[PDB]
């Protein structure tokens, strides 16, 4: 399909490919894109199939599809980029670093989906394995409580009112998410590029222990995990940590350029 793709800035320090999460879109990352451009990076943004300004039934895609999109972006750029992904997008960039290990300069994962939420019952995981096979196009609610996204009430309100944000997830995408969560841990030793993981300690959408386990599972030496005490799933707009969170990402990318 014809996706929504956009390039921002001049890639004096290289490229950073931005990979958004489930139900959102790349337009929510204007602040980070501006900061990265200001530091000398180009940013390549896209909206997943079924998300944002891209076409397709809402929420109907897969982690594998996103990785193929990343393949295409790296072919277009003609050089190794950094990857930045959040939530579903954080899981995706970790899986990309595992399955295309020599194609990137490094990977930054914000709240990557590496552990099941306690709000997601175990039978829902088993159901997704079935529905992903027999009714892959079936569209269901993602179960997300927006109040769990951020300690910033205005950020939560914006998310709710954003017309590009949706709560759909297909059977195919649900199956892909839980399957790739498992594989992300099993294949952790395949990563060769430097890694930065960023988590909020109060995140129950993607429990931080998933990142903590991954950090220990990684074999690459240049690995870093940063915790933000009290932050929810989205640290970007957190009142206490939003600015620091942005700064850590930029500083890490600058130091690895």
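Residue numbers count along the first chain shown, from 1.
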On average, are the C-alpha B-factors higher in 149 to 157 or in 75 to 83? 149 to 157
Once average C-alpha B-factors are taken from the entry for 65 to 73 and 213 to 221, the winner is 213 to 221
Using the entry's values, work out which of 113, 134, 93, 104 has the largest Cα B factor. 134
Between 144, 181, 109, 88, which one tops the list for C-alpha B-factor in the PDB entry? 144
Pull the Cα B-factor of residue 254 out of the PDB entry and bin it into the chain's lowest, middle or highest third. highest
Residue 174 - which third its CA temperature factor falls in, relative to the rest of the chain: lowest
Taking only the Cα B-factors deposited for this chain, tell me whether residue 42 sits in the lowest, middle or highest third. lowest
So where's residue 11 on the chain's Cα temperature factor ranking, which third? middle
Hey, what third does residue 204 fall into on Cα B-factor, ranked over its chain? highest
